[PDB]
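As structure tokens, the structure follows; a few thoughts come after it.
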Amino acid sequence: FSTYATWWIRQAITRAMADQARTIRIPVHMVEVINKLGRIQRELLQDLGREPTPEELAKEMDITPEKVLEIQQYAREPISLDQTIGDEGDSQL
Amino acid sequence: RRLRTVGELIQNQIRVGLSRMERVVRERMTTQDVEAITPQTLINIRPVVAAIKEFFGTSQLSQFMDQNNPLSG
DNA sequence: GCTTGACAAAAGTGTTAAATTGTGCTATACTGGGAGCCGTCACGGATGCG
């Protein structure tokens, strides 16, 4: 039973994370693209040594560099409006 | 009372980053084949660099240099 | 001043093709987490352990 149950458990966990891990909800079809981009970038960083450029990633993913830039823009995470800018418990963002 | 110099402060963050890296290595170690497995596949360098960057840019000890005059610096 | 008339130029609908998105599924075996924890310092007052 464990062999079949593991697939479904992993699927449910990943889907729930995709649907509920961000304040601004991104559909699953975009989360998949973002994860693919991240994995490709991580793989490239090891062998290239430098920071991969947008064009190389775009070619490796068979998409235009503008699409890579758009995906990166979508990857932004909102920041908390209650920070400690001031180095003291005096002022927030 | 002892003194933590810059070297020790950086060493602590390196230790934390390597601990996170080791946790990731443990997670990945028992998930793929044992024959065609190489250090590159299961070694993720992101946590250590992330810790190093966080310390320099966020730690209260790492401070914006005072450049009013040579004596200040 | 006040109309009529002949025409481009935009405001509106119809229908398709396309892009986006919401669900479902994948069969070796896998079966209890991990961050802890750092000099006030005094003051009352409630709690709970024996």
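Values quoted throughout were computed directly from the atomic coordinates according to the rules given, and no laboratory measurement underlies them. Using ideal geometry, Cβ is built from the backbone for each residue, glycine included, and neighbour counts are taken over all protein chains shown.
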Being surrounded by 12 or more Cβ atoms within 10 Å (Cβ to Cβ), assigned to a loop (DSSP other than H, G, I, E, B) and within 16 Å of DNA strand C (Cβ to nearest atom), is that true of even one residue in region A:46-61?
yes
Search region B:37-50 for residues that are within 9 Å of chain A (Cβ to nearest Cβ) and pair each with any residue that is assigned to a helix (DSSP H, G or I) and among the hydrophobic types (A, V, I, L, M, F, W, C) when their beta-carbon atoms are under 6 Å apart and the residues are at least 6 apart or on different chains.
B:44/B:24
Has region A:70-89 got any residue that is under 15 Å from residue A:34 (Cβ atoms) and β-branched (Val, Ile, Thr)?
yes
Residue list for region A:1-14, restricted to those being within 6 Å of DNA strand C (Cβ to nearest atom) and within 14 Å of chain B (Cβ to nearest Cβ):
A:6
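Yes or no, residue by residue, for (1) more than 10 Å from DNA strand C (Cβ to nearest atom); (2) within 30 Å of residue B:40 (Cβ to Cβ); (3) outside any helix (DSSP H, G or I):
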position	(1), (2), (3)
A:16	yes, no, no
A:23	yes, no, yes
A:39	yes, yes, no
A:43	yes, yes, no
Of the conditions (1) of a type outside the set (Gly, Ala, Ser); (2) within 12 Å of chain A (Cβ to nearest Cβ); (3) touching a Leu at 6+ places or on another chain (Cβ under 9 Å); (4) over 30 Å from residue A:42 (Cα atoms), residue B:4 fails just one. Which one is it?
(2)
